[PDB]
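Visitor: One structure coming up, written as structure tokens, with questions to follow.
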Amino acid sequence: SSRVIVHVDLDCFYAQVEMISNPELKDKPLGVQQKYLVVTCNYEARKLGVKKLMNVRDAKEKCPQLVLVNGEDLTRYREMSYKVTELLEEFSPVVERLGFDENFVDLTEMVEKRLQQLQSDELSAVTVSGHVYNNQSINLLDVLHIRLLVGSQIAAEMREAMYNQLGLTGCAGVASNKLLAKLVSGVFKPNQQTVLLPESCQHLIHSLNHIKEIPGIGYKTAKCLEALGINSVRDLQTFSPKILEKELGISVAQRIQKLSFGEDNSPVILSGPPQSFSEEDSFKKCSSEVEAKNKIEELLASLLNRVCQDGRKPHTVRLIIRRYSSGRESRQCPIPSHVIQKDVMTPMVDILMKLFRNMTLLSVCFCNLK
DNA sequence: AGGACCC
DNA sequence: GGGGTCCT
Ligand SMILES: Nc1ccn([C@H]2C[C@H](O)[C@@H](COP(=O)(O)OP(=O)(O)OP(=O)(O)O)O2)c(=O)n1
């Protein structure tokens with residue numbers, strides 16, 4: 001039972017959406033701004049030495065033409081993000097979202113259904129769509145090559161559809177599991193696709209220049225390995241299981257070792273509707289702590305609209321803060337049943353304010369949706 | 001409640 | 001930055 005998975009990854013996503021809004025920005029170098037941050041930027045702008053999450057500070061000093069648009073309000077990028085997922089759901093119901101711009105679809109049932117349709121003869125006419133990782137030779141007599149190519153044909157269709165139907169371009173990687181599809185999708189960008197045949201899996205895995213570059217291994221695990229002599233993928237592949245267990249837990253240990261081989265048994269999960277809704281707001285200090293209520297009235301008013309759009313009702317509220325640094329904090333509590341009726345801000349602002357007193361950034365999160 | 005991870 | 005997810 002070997003799977004066929006596609007990882008769909010949108011190009012420079014926010015800049016795409018802005019570029020659609022204001023076409024006078026197309027092929028003008030564009031960065032998207034949130035506070036002091038240039039969060040993403042278009043390819044026209046990348047060429048000129050802009051990188052994602054560069055300071056607006058430097059970024060201008062590296063490009064003094066860079067046209068900046070404010071993207072602190074995610075309403076539109078969120079909305080467009082869902083249209084993408086929904087389009088892919090039309091291909092196979094089982095789409096998993098990674099952030100606003102990444103999607104996995106498990107294509108296994110679909111490829112098999114396609115193959116069932118073809119005869120002995122047109123099975124030799126099965127060709128690839130896009131790049132093949134590491135220029136690897138197709139062997140049409142290989143059942144796993146055949147499926148991976150049909151997989152790639154499906155990916156090209158998702159991509160044609162996203163562009164035709166939503167005006168959006170992006171990348172795809174096709175592979176036998178989520179880790180690999182995610183790694184191969186980025187090999188040719190922008191707006192290209194790559195299929196990974198199994199013989200080229202070590203090659204892919206070994207092209208990484210650091211364990212941190214593995215989806216799964218984050219800021220902290222990196223530092224944990226780096227502090228053990230482990231730096232390459234092979235270092236990880238060959239480190240002692242037993243010792244690695246003792247340091248990070250049999251839980252993290254045993255999975256990140258699989259990962260270092262290219263092995264990933266984790267299923268594509270159907271995302272469906274969101275588990276939560278939140279608004280954030282960052283600032284340089286707010287200690288007036290009644291103005292700190294106003295912030296909380298803004299976050300609420302907006303959040304309230306979003307749940308009012310959904311039609312599902314949240315049963316828990318959360319307030320999150322951070323104290324001037326020199327870690328975030330949260331207080332939860334249920335939403336009272338009498339006030340789960342969609343007047344409503346008037347009672348909510350108190351719940352949050354006593355939650356407030358029980359304690360740079362203010363944040364409200366609604367969760368436990370029914 | 002706070003942590004690790006993702007974008 | 002401004003969002004999300006699942007686990008402990
Ligand atoms: N660490 C991150 C990663 C992403 N984002 C935001 C900015 C992006 O518009 C979007 C997704 O980021 P990606 O890393 O997938 O990069 P893009 O899709 O924006 O550009 P590209 O795929 O060409 O690198 O969410 C962010 O704020 N902080």
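The chains in the structure tokens are called A, B, ... from first to last as shown; in each chain the residues are counted from 1, and the ligands are counted from 1 in the order shown.
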So that I can check the secondary structure, give me every residue of stretch 36-167 of chain A assigned helix (DSSP H, G or I) by backbone DSSP, as a PyMOL selection string.
Guide: chain A and resi 43-46+56-62+75-91+108-117+121-123+133-135+143-166
Visitor: Hey, what does DSSP flag as strand (DSSP E) within stretch 68-277 of chain A? Can you give it to me as a list in words?
Guide: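 DSSP-assigned strand (DSSP E) residues in stretch 68-277 of chain A: residues 68, 69, 70, 95, 96, 97, 98, 102, 103, 104, 105, 106, 131, 132, 170, 171, 172, 173, 174, 175, 193, 194, 195, 276 and 277 of chain A.
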Visitor: For ligand 1, list the contacting residues at 10 Å or closer, counting only C-alpha atoms (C1' of nucleotides) and all ligand atoms, as a PDB file with N, CA, C and O atoms (P, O5', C5', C4', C3', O3' and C1' of nucleotides), in the first residue's frame.
Guide:
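The resulting file, out-v4.pdb, is reproduced below:
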```pdb
ATOM      1  N   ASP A   9       1.781  24.410  -3.098  1.00  0.00           N
ATOM      2  CA  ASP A   9       2.414  25.528  -2.378  1.00  0.00           C
ATOM      3  C   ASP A   9       2.335  26.801  -3.211  1.00  0.00           C
ATOM      4  O   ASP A   9       2.963  26.877  -4.259  1.00  0.00           O
ATOM      5  N   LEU A  10       1.579  27.800  -2.763  1.00  0.00           N
ATOM      6  CA  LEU A  10       1.328  28.979  -3.604  1.00  0.00           C
ATOM      7  C   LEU A  10       2.533  29.872  -3.634  1.00  0.00           C
ATOM      8  O   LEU A  10       3.201  30.011  -2.611  1.00  0.00           O
ATOM      9  N   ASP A  11       2.824  30.476  -4.782  1.00  0.00           N
ATOM     10  CA  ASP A  11       3.941  31.444  -4.885  1.00  0.00           C
ATOM     11  C   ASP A  11       3.656  32.762  -4.134  1.00  0.00           C
ATOM     12  O   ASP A  11       2.581  33.367  -4.337  1.00  0.00           O
ATOM     13  N   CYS A  12       4.611  33.203  -3.305  1.00  0.00           N
ATOM     14  CA  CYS A  12       4.558  34.519  -2.673  1.00  0.00           C
ATOM     15  C   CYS A  12       3.166  35.057  -2.325  1.00  0.00           C
ATOM     16  O   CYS A  12       2.823  36.212  -2.618  1.00  0.00           O
ATOM     17  N   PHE A  13       2.368  34.199  -1.700  1.00  0.00           N
ATOM     18  CA  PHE A  13       0.916  34.308  -1.640  1.00  0.00           C
ATOM     19  C   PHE A  13       0.271  35.686  -1.393  1.00  0.00           C
ATOM     20  O   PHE A  13      -0.695  36.055  -2.087  1.00  0.00           O
ATOM     21  N   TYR A  14       0.757  36.451  -0.426  1.00  0.00           N
ATOM     22  CA  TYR A  14       0.099  37.709  -0.156  1.00  0.00           C
ATOM     23  C   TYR A  14       0.350  38.665  -1.288  1.00  0.00           C
ATOM     24  O   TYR A  14      -0.516  39.458  -1.638  1.00  0.00           O
ATOM     25  N   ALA A  15       1.538  38.600  -1.864  1.00  0.00           N
ATOM     26  CA  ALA A  15       1.877  39.528  -2.921  1.00  0.00           C
ATOM     27  C   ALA A  15       1.025  39.230  -4.134  1.00  0.00           C
ATOM     28  O   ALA A  15       0.663  40.150  -4.874  1.00  0.00           O
ATOM     29  N   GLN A  16       0.723  37.943  -4.349  1.00  0.00           N
ATOM     30  CA  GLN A  16      -0.218  37.546  -5.391  1.00  0.00           C
ATOM     31  C   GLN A  16      -1.576  38.196  -5.259  1.00  0.00           C
ATOM     32  O   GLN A  16      -2.121  38.707  -6.234  1.00  0.00           O
ATOM     33  N   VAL A  17      -2.105  38.187  -4.043  1.00  0.00           N
ATOM     34  CA  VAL A  17      -3.429  38.713  -3.797  1.00  0.00           C
ATOM     35  C   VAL A  17      -3.418  40.234  -3.980  1.00  0.00           C
ATOM     36  O   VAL A  17      -4.315  40.804  -4.618  1.00  0.00           O
ATOM     37  N   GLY A  31       6.525  44.362  -1.923  1.00  0.00           N
ATOM     38  CA  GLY A  31       6.640  43.732  -0.615  1.00  0.00           C
ATOM     39  C   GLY A  31       5.373  43.967   0.194  1.00  0.00           C
ATOM     40  O   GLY A  31       4.689  44.983   0.007  1.00  0.00           O
ATOM     41  N   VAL A  32       5.047  43.017   1.076  1.00  0.00           N
ATOM     42  CA  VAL A  32       3.862  43.103   1.931  1.00  0.00           C
ATOM     43  C   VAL A  32       4.285  43.350   3.380  1.00  0.00           C
ATOM     44  O   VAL A  32       5.108  42.638   3.972  1.00  0.00           O
ATOM     45  N   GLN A  33       3.687  44.366   3.953  1.00  0.00           N
ATOM     46  CA  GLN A  33       4.203  44.891   5.162  1.00  0.00           C
ATOM     47  C   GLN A  33       3.305  44.626   6.343  1.00  0.00           C
ATOM     48  O   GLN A  33       2.088  44.792   6.276  1.00  0.00           O
ATOM     49  N   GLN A  34       3.923  44.234   7.439  1.00  0.00           N
ATOM     50  CA  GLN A  34       3.215  44.107   8.680  1.00  0.00           C
ATOM     51  C   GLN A  34       4.153  44.668   9.714  1.00  0.00           C
ATOM     52  O   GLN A  34       5.221  44.102   9.937  1.00  0.00           O
ATOM     53  N   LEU A  37       7.977  44.740   9.441  1.00  0.00           N
ATOM     54  CA  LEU A  37       8.350  43.538   8.704  1.00  0.00           C
ATOM     55  C   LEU A  37       7.911  43.484   7.241  1.00  0.00           C
ATOM     56  O   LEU A  37       6.784  43.860   6.905  1.00  0.00           O
ATOM     57  N   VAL A  38       8.811  43.015   6.377  1.00  0.00           N
ATOM     58  CA  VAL A  38       8.431  42.723   5.005  1.00  0.00           C
ATOM     59  C   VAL A  38       8.234  41.235   4.928  1.00  0.00           C
ATOM     60  O   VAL A  38       9.183  40.439   4.840  1.00  0.00           O
ATOM     61  N   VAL A  39       6.973  40.866   4.980  1.00  0.00           N
ATOM     62  CA  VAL A  39       6.660  39.540   5.368  1.00  0.00           C
ATOM     63  C   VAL A  39       6.857  38.615   4.140  1.00  0.00           C
ATOM     64  O   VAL A  39       7.501  37.562   4.233  1.00  0.00           O
ATOM     65  N   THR A  40       6.372  39.070   2.985  1.00  0.00           N
ATOM     66  CA  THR A  40       6.663  38.462   1.692  1.00  0.00           C
ATOM     67  C   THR A  40       6.719  39.550   0.583  1.00  0.00           C
ATOM     68  O   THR A  40       6.379  40.710   0.820  1.00  0.00           O
ATOM     69  N   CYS A  41       7.152  39.166  -0.616  1.00  0.00           N
ATOM     70  CA  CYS A  41       7.426  40.112  -1.692  1.00  0.00           C
ATOM     71  C   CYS A  41       7.380  39.377  -3.023  1.00  0.00           C
ATOM     72  O   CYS A  41       7.569  38.152  -3.048  1.00  0.00           O
ATOM     73  N   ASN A  42       7.134  40.091  -4.124  1.00  0.00           N
ATOM     74  CA  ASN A  42       6.973  39.377  -5.382  1.00  0.00           C
ATOM     75  C   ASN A  42       8.307  39.010  -6.034  1.00  0.00           C
ATOM     76  O   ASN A  42       9.370  39.433  -5.561  1.00  0.00           O
ATOM     77  N   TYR A  43       8.273  38.202  -7.090  1.00  0.00           N
ATOM     78  CA  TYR A  43       9.519  37.711  -7.637  1.00  0.00           C
ATOM     79  C   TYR A  43      10.278  38.837  -8.268  1.00  0.00           C
ATOM     80  O   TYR A  43      11.502  38.882  -8.185  1.00  0.00           O
ATOM     81  N   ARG A  46      12.153  39.941  -5.363  1.00  0.00           N
ATOM     82  CA  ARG A  46      13.151  39.005  -4.840  1.00  0.00           C
ATOM     83  C   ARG A  46      14.470  39.156  -5.588  1.00  0.00           C
ATOM     84  O   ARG A  46      15.527  39.214  -4.964  1.00  0.00           O
ATOM     85  N   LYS A  51      14.458  39.531   0.636  1.00  0.00           N
ATOM     86  CA  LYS A  51      14.170  38.174   1.110  1.00  0.00           C
ATOM     87  C   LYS A  51      12.979  38.249   2.042  1.00  0.00           C
ATOM     88  O   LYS A  51      12.676  39.324   2.568  1.00  0.00           O
ATOM     89  N   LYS A  52      12.295  37.123   2.246  1.00  0.00           N
ATOM     90  CA  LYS A  52      11.092  37.119   3.087  1.00  0.00           C
ATOM     91  C   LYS A  52      11.503  37.399   4.516  1.00  0.00           C
ATOM     92  O   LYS A  52      12.596  36.995   4.941  1.00  0.00           O
ATOM     93  N   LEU A  53      10.646  38.115   5.240  1.00  0.00           N
ATOM     94  CA  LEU A  53      10.944  38.510   6.627  1.00  0.00           C
ATOM     95  C   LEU A  53      12.228  39.328   6.765  1.00  0.00           C
ATOM     96  O   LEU A  53      12.995  39.143   7.705  1.00  0.00           O
ATOM     97  N   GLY A  71      -0.223  44.505   4.977  1.00  0.00           N
ATOM     98  CA  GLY A  71      -0.956  43.248   5.073  1.00  0.00           C
ATOM     99  C   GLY A  71      -1.174  42.738   6.475  1.00  0.00           C
ATOM    100  O   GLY A  71      -1.066  41.543   6.729  1.00  0.00           O
ATOM    101  N   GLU A  72      -1.505  43.649   7.386  1.00  0.00           N
ATOM    102  CA  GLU A  72      -1.784  43.323   8.785  1.00  0.00           C
ATOM    103  C   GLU A  72      -3.153  42.671   8.988  1.00  0.00           C
ATOM    104  O   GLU A  72      -3.406  42.026  10.015  1.00  0.00           O
ATOM    105  N   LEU A  74      -5.675  40.101   7.583  1.00  0.00           N
ATOM    106  CA  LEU A  74      -5.584  38.910   6.746  1.00  0.00           C
ATOM    107  C   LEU A  74      -6.916  38.552   6.059  1.00  0.00           C
ATOM    108  O   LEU A  74      -6.968  37.556   5.334  1.00  0.00           O
ATOM    109  N   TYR A  77      -6.596  37.440   2.437  1.00  0.00           N
ATOM    110  CA  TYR A  77      -5.704  36.308   2.180  1.00  0.00           C
ATOM    111  C   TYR A  77      -6.295  35.053   2.757  1.00  0.00           C
ATOM    112  O   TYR A  77      -6.093  33.962   2.249  1.00  0.00           O
ATOM    113  N   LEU A  98      -1.558  23.381   5.308  1.00  0.00           N
ATOM    114  CA  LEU A  98      -0.446  23.874   6.112  1.00  0.00           C
ATOM    115  C   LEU A  98      -0.411  25.388   5.895  1.00  0.00           C
ATOM    116  O   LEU A  98      -0.009  25.876   4.839  1.00  0.00           O
ATOM    117  N   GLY A  99      -0.891  26.128   6.887  1.00  0.00           N
ATOM    118  CA  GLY A  99      -0.933  27.576   6.801  1.00  0.00           C
ATOM    119  C   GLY A  99      -1.914  28.054   5.761  1.00  0.00           C
ATOM    120  O   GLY A  99      -2.860  27.350   5.431  1.00  0.00           O
ATOM    121  N   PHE A 100      -1.682  29.249   5.227  1.00  0.00           N
ATOM    122  CA  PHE A 100      -2.662  29.860   4.342  1.00  0.00           C
ATOM    123  C   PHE A 100      -2.392  29.463   2.912  1.00  0.00           C
ATOM    124  O   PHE A 100      -3.279  29.612   2.063  1.00  0.00           O
ATOM    125  N   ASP A 101      -1.190  28.935   2.645  1.00  0.00           N
ATOM    126  CA  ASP A 101      -0.721  28.760   1.272  1.00  0.00           C
ATOM    127  C   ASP A 101      -0.197  27.397   0.902  1.00  0.00           C
ATOM    128  O   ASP A 101       0.262  27.204  -0.231  1.00  0.00           O
ATOM    129  N   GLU A 102      -0.238  26.452   1.840  1.00  0.00           N
ATOM    130  CA  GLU A 102       0.186  25.083   1.547  1.00  0.00           C
ATOM    131  C   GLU A 102      -0.993  24.113   1.697  1.00  0.00           C
ATOM    132  O   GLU A 102      -1.842  24.291   2.585  1.00  0.00           O
ATOM    133  N   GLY A 170       1.148  28.668  -8.592  1.00  0.00           N
ATOM    134  CA  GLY A 170       1.899  28.048  -7.525  1.00  0.00           C
ATOM    135  C   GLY A 170       2.647  26.789  -7.933  1.00  0.00           C
ATOM    136  O   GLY A 170       2.593  26.362  -9.100  1.00  0.00           O
ATOM    137  N   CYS A 171       3.340  26.187  -6.962  1.00  0.00           N
ATOM    138  CA  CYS A 171       4.126  24.963  -7.173  1.00  0.00           C
ATOM    139  C   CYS A 171       3.467  23.678  -6.690  1.00  0.00           C
ATOM    140  O   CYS A 171       2.591  23.705  -5.821  1.00  0.00           O
ATOM    141  N   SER A 185       8.469  19.844  -3.846  1.00  0.00           N
ATOM    142  CA  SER A 185       7.614  20.856  -4.502  1.00  0.00           C
ATOM    143  C   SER A 185       8.372  22.147  -4.714  1.00  0.00           C
ATOM    144  O   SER A 185       8.050  22.910  -5.633  1.00  0.00           O
ATOM    145  N   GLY A 186       9.378  22.378  -3.866  1.00  0.00           N
ATOM    146  CA  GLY A 186      10.172  23.597  -3.929  1.00  0.00           C
ATOM    147  C   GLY A 186      11.418  23.565  -4.810  1.00  0.00           C
ATOM    148  O   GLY A 186      12.157  24.563  -4.891  1.00  0.00           O
ATOM    149  N   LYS A 189      10.929  26.530  -8.640  1.00  0.00           N
ATOM    150  CA  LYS A 189       9.931  27.549  -8.345  1.00  0.00           C
ATOM    151  C   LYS A 189      10.389  28.782  -9.113  1.00  0.00           C
ATOM    152  O   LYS A 189      11.571  28.882  -9.397  1.00  0.00           O
ATOM    153  N   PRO A 190       9.473  29.716  -9.452  1.00  0.00           N
ATOM    154  CA  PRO A 190       8.030  29.681  -9.164  1.00  0.00           C
ATOM    155  C   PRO A 190       7.253  28.933 -10.212  1.00  0.00           C
ATOM    156  O   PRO A 190       7.752  28.729 -11.325  1.00  0.00           O
ATOM    157  N   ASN A 191       6.051  28.508  -9.844  1.00  0.00           N
ATOM    158  CA  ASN A 191       5.088  28.072 -10.829  1.00  0.00           C
ATOM    159  C   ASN A 191       5.620  26.946 -11.684  1.00  0.00           C
ATOM    160  O   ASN A 191       5.562  27.014 -12.890  1.00  0.00           O
TER     161      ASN A 191
ATOM    162  P    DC B   6       8.744  23.216  11.990  1.00  0.00           P
ATOM    163  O5'  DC B   6       7.358  23.516  11.260  1.00  0.00           O
ATOM    164  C5'  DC B   6       6.885  22.772  10.166  1.00  0.00           C
ATOM    165  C4'  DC B   6       5.592  23.425   9.736  1.00  0.00           C
ATOM    166  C3'  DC B   6       5.813  24.746   9.045  1.00  0.00           C
ATOM    167  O3'  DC B   6       6.136  24.451   7.731  1.00  0.00           O
ATOM    168  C1'  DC B   6       3.946  24.945  10.532  1.00  0.00           C
ATOM    169  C1'  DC B   7       3.329  28.913   7.160  1.00  0.00           C
ATOM    170  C3'  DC B   7       4.905  28.808   5.360  1.00  0.00           C
ATOM    171  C4'  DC B   7       4.321  27.460   5.712  1.00  0.00           C
ATOM    172  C5'  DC B   7       5.356  26.334   5.685  1.00  0.00           C
ATOM    173  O5'  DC B   7       6.356  26.550   6.674  1.00  0.00           O
ATOM    174  P    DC B   7       7.280  25.346   7.113  1.00  0.00           P
TER     175       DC B   7
ATOM    176  P    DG C   1       6.513  41.493  16.358  1.00  0.00           P
ATOM    177  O5'  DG C   1       6.534  41.459  14.665  1.00  0.00           O
ATOM    178  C5'  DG C   1       5.553  42.303  14.014  1.00  0.00           C
ATOM    179  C4'  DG C   1       4.757  41.602  12.889  1.00  0.00           C
ATOM    180  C1'  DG C   1       4.232  39.656  11.800  1.00  0.00           C
ATOM    181  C3'  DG C   1       3.359  41.183  13.323  1.00  0.00           C
ATOM    182  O3'  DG C   1       2.410  42.004  12.635  1.00  0.00           O
ATOM    183  P    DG C   2       1.088  42.270  13.452  1.00  0.00           P
ATOM    184  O5'  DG C   2       0.209  41.005  12.998  1.00  0.00           O
ATOM    185  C5'  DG C   2      -0.481  40.996  11.760  1.00  0.00           C
ATOM    186  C4'  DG C   2      -0.981  39.604  11.505  1.00  0.00           C
ATOM    187  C3'  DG C   2      -1.934  39.056  12.556  1.00  0.00           C
ATOM    188  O3'  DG C   2      -3.037  38.412  11.891  1.00  0.00           O
ATOM    189  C1'  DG C   2      -0.353  37.496  12.153  1.00  0.00           C
ATOM    190  P    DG C   3      -4.416  38.307  12.671  1.00  0.00           P
ATOM    191  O5'  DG C   3      -3.940  37.273  13.811  1.00  0.00           O
ATOM    192  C5'  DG C   3      -4.287  35.867  13.835  1.00  0.00           C
ATOM    193  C4'  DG C   3      -3.895  35.115  12.587  1.00  0.00           C
ATOM    194  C3'  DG C   3      -4.302  33.662  12.646  1.00  0.00           C
ATOM    195  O3'  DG C   3      -5.665  33.619  12.234  1.00  0.00           O
ATOM    196  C1'  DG C   3      -2.110  33.884  11.781  1.00  0.00           C
TER     197       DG C   3
END
```
Visitor: For residue B:1, please output as a count of residues only all residues within 12 Å (counting only C-alpha atoms (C1' of nucleotides); exclusion window: fewer than 5 positions along the same chain).
Guide: 10
Visitor: Given only C-alpha atoms (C1' of nucleotides) as the basis, pick out the residue of A:229, A:216, A:273, A:93 nearest to residue B:5.
Guide: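 Between A:229, A:216, A:273, A:93, the residue approaching residue B:5 most closely is A:216.
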Visitor: Do you have the atom CA of residue A:22-atom CA of residue A:166 distance handy?
Guide: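 Rounded to one decimal, the two atoms are 15.5 Å apart.
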